[PDB]
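Enquirer: Just dropping in an experimental structure and the matching sequence.
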There are 2 protein chains.
Amino acid sequence: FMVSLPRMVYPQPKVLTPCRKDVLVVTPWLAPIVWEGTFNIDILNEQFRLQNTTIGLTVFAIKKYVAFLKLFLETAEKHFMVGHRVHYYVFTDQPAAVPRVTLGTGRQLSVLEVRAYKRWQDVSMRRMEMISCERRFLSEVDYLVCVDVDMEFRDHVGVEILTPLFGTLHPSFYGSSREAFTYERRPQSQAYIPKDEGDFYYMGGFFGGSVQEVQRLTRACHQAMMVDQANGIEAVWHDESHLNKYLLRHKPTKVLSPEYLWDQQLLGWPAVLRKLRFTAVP
Amino acid sequence: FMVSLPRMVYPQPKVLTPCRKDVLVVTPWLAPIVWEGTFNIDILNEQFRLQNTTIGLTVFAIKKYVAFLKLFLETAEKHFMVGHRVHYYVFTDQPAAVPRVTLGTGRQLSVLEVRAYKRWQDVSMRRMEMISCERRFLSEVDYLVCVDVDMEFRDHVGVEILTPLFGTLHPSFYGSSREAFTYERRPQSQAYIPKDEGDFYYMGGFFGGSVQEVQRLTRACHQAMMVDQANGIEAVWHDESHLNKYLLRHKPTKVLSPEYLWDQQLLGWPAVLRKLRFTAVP
Ligand SMILES: O=c1ccn([C@@H]2O[C@H](COP(=O)(O)OP(=O)(O)O)[C@@H](O)[C@H]2O)c(=O)[nH]1
Ligand SMILES: O=c1ccn([C@@H]2O[C@H](COP(=O)(O)OP(=O)(O)O)[C@@H](O)[C@H]2O)c(=O)[nH]1
Ligand SMILES: OC[C@H]1O[C@@H](O)[C@H](O)[C@@H](O)[C@H]1O
Ligand SMILES: OC[C@H]1O[C@@H](O)[C@H](O)[C@@H](O)[C@H]1O
Ligand SMILES: [Mn+2]
Ligand SMILES: [Mn+2]
């Protein structure tokens, strides 16, 4: 039951003036592509607060990556779903290395101890298995957001992202034609996508959705990875290749612009990006 | 469980070329606004067929309005959800006057006999009550679409419209500022909207959604109309005023452009409309 909004005073949307004329703001399957200027966060905040929405955020910090948690969490506190209920799930082989970061009201952190794998490829790839865990998220949160830890928030990341299923435009490929995408190209892999298929190249470092849709996606990608293993093939970009195959065949209901996953050292600050919200740490 | 799409070959969406630059294609609460050029119907058709989607279409044909049914249904057959399962629900005081129109496969028509009210205002207004009926739609269709009968389809009206809750931009007001909207302005009415509120002016002749959301909307508008009656006030534009109050406070998840409800005699064929899909019959 969606509760009625209260009276609100805000600028009228005008149908004969687009917000943004410089970028695609809706996919061909009618999913919004989230850019600054496309959303009124006051409206969205109302809608999601009236539902008492809880967002879970998953992050893996294995081996030396535990060093990135302090900045990741400190800046999450400043920028990520502020005002909403948040549950951080920190998966680590080193529980005692998790920094004690002061949280705002309505926000909590759980440390989930996991095995470290030796190869950084397996650490990255096994996130899907670990995320898929399963009864816990279903009882505790409405949405799950799944990110890389070697990152910092610099600007607003809020309920505008929430939807049944989302992926994020990889910042190196948003302007590329599809044959340039680094999809897995060997037919022997479950992640295979031919040169004439593909909508976008999604980044493995930022995806999410409802708990149900996230469990579906992580289960399907883990199954597909196990099939590849049994067959002696490792996809070119590991979990990210499978994520891309999944999202090709199960279209996301929102797509995040590269505002939401950017690398300023590698790519600068183009005029098309009005905000750099979540960025790579050198 | 959303089933996997098959391989498909279609044009790549390019994030640095918008489809449409001339019109707003997404609302500030991240609802798509459906214009020609924003959707790939082949993708949407796949998505909805894999769900075996059934669409119900409600139409009232009371008193002399039964004359409009032949053209309405004949042209629906040519343009409305072709290839999908369709159930037409024709509400009439004259069952024997319903024309025998030949339907495509997978499509059916039921005639629901109702009382005629004397005043065209009450005939229009009581649609909400009649639509809200209730167990029947829940068992028989996935979505309900609710339209005026004095209309004809001229072009494609398909699954691009389907969503939990939609309204349609009134063709006389899409370019107007909000204080020009003919919302009910008396505070004594449940339909009241102040001059500094409002996103759009939605047309009472074309709305829809999931069966659940449509039942919510029609129930809320009927309750609000009964309150107004008890209080001796009739809103300026009857059901349409209440519809507008509802959609202000419960935002639609898609908005249809005026392609979907147009009057060529009154308003011509502006360049912003690439297609005139469902049009007023003189
Ligand atoms: O030794 C490792 C390697 C990977 N990761 C996790 O896997 C993510 C993906 O790896 P990485 O950020 O190195 O990949 P990149 O962004 O360079 O593609 C990291 O953010 C961590 O969250 C980890 O915790 N420890
Ligand atoms: O005597 C009447 C008056 C109204 N209607 C139904 O109510 C709708 C709304 O009325 P109308 O189309 O006259 O309103 P308008 O489009 O002129 O605002 C009509 O399409 C019919 O579906 C009807 O069936 N018989
Ligand atoms: O081509 C795909 C790759 O692009 C790189 O820029 C990124 O650092 C990698 O993790 C991978 O996503
Ligand atoms: O101002 C609202 C009105 O606009 C007219 O153009 C239309 O014929 C009416 O039914 C009503 O919608
Ligand atoms: Mn990373
Ligand atoms: Mn009409």
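Expert: Ah, there it is. Numbers count the residues shown, from 1 in each chain, chains lettered A, B, ... in the order given. Ligands and ions are numbered 1, 2, ... in the order given.
Enquirer: Nearest residue to residue A:32 in space, ignoring adjacent ones along the chain?
Expert: residue B:30 (4.6 Å; C-beta to C-beta, 6 or more residues apart in numbering or on different chains). The C-beta positions use only the backbone N, C-alpha and C, and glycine is treated the same way.
Enquirer: and that neighbour, what does it touch?
Expert: Residue B:30 makes contact with A:32, A:34, A:38, A:39, A:44, A:160, A:254, according to C-beta atoms under 8 Å, 6 or more residues apart in numbering or on different chains.
Enquirer: Just give me the closest of those to residue B:121.
Expert: residue A:44 (37.0 Å; C-beta to C-beta).
Enquirer: Cross-check the contact I'm expecting between the closest one and residue A:156.
Expert: No - using C-beta atoms under 8 Å, residue A:44 is not in contact with residue A:156; the gap is 11.1 Å.
Enquirer: and residue A:255, which of the three is it?
Expert: strand (DSSP: H, G, I helix; E, B strand; the rest coil).
Enquirer: tell me, how many neighbours does it end up with?
Expert: 29 (other C-beta atoms under 10 Å in any protein chain shown).
Enquirer: Over to residue A:180?
Expert: By other C-beta under 10 Å, neighbour count at residue A:180 equals 12.
Enquirer: Not counting sequence-adjacent ones, nearest residue to it?
Expert: Closest to residue A:180 by C-beta to C-beta, 6+ apart is residue A:173, at 7.1 Å.
Enquirer: any idea which helix or strand carries that neighbour?
Expert: Using DSSP states H and E, residue A:173 falls within no helix or strand.
Enquirer: For it, give me its contacts.
Expert: So residue A:173 contacts A:180, A:181, A:182, A:200, A:201 (C-beta under 8 Å, 6+ apart).
Enquirer: How is the residue of the stretch 1-150 of chain A found nearest ligand 6 classified with respect to secondary structure?
Expert: Going by C-beta to the ion, ligand 6 is nearest to residue A:15 of the stretch 1-150 of chain A, at 21.6 Å. Of the three states, residue A:15 takes coil according to three-state DSSP.
Enquirer: That one touches residue B:23, doesn't it?
Expert: Yes - here residue A:15 reaches residue B:23: they are 6.1 Å apart, a contact under C-beta under 8 Å.
Enquirer: higher neighbour count, these two?
Expert: residue A:15 (23 against 20).
Enquirer: For residue B:162, see how far away the more buried one is.
Expert: 21 Å (C-beta to C-beta, to the nearest Å).
Enquirer: Ok, residue A:40 next?
Expert: Counting by C-beta to C-beta, the gap from residue A:40 to residue B:162 is 25 Å.
Enquirer: same question, residue A:179
Expert: 33 Å.
Enquirer: Comparing the two, which residue is more hemmed in?
Expert: Neighbour count, other C-beta under 10 Å: between residue A:179 and residue B:162, residue B:162 has more, with 24 against 12.
Enquirer: give me phi/psi at the residue nearest to the more buried one when sequence neighbours are not counted?
Expert: Distances taken as C-beta to C-beta, 6+ apart place residue B:143 nearest to residue B:162, at 5.2 Å, with adjacent residues excluded. Backbone torsions for residue B:143, taken as degrees, to the nearest 10, come to phi -130, psi 150.
Enquirer: With the one 4 residues further on instead?
Expert: Residue B:147 adopts backbone torsions of phi -130, psi 160, taken as degrees, to the nearest 10.
Enquirer: For residue A:7, which non-adjacent residue is closest in space?
Expert: Counting by C-beta to C-beta, 6+ apart, the residue nearest residue A:7 is residue B:197, at 6.2 Å.
Enquirer: Take the contacts of residue A:173 and keep only those in strands.
Expert: Counting by DSSP state E, the contacts of residue A:173 place none of their members in strands.
Enquirer: Sort out which of those residues are buried, if you could.
Expert: Those of the contacts of residue A:173 that meet the buried threshold are A:181, A:200, A:201, by 16 or more other C-beta atoms under 10 Å in any protein chain shown.
Enquirer: Could you provide those in TSV, with additional columns for distance to residue A:149?
Expert: As requested, the buried ones among the contacts of residue A:173 are arranged in TSV below (distance: C-beta to C-beta, whole Å):
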residue	distance to residue A:149
A:181	25
A:200	24
A:201	22
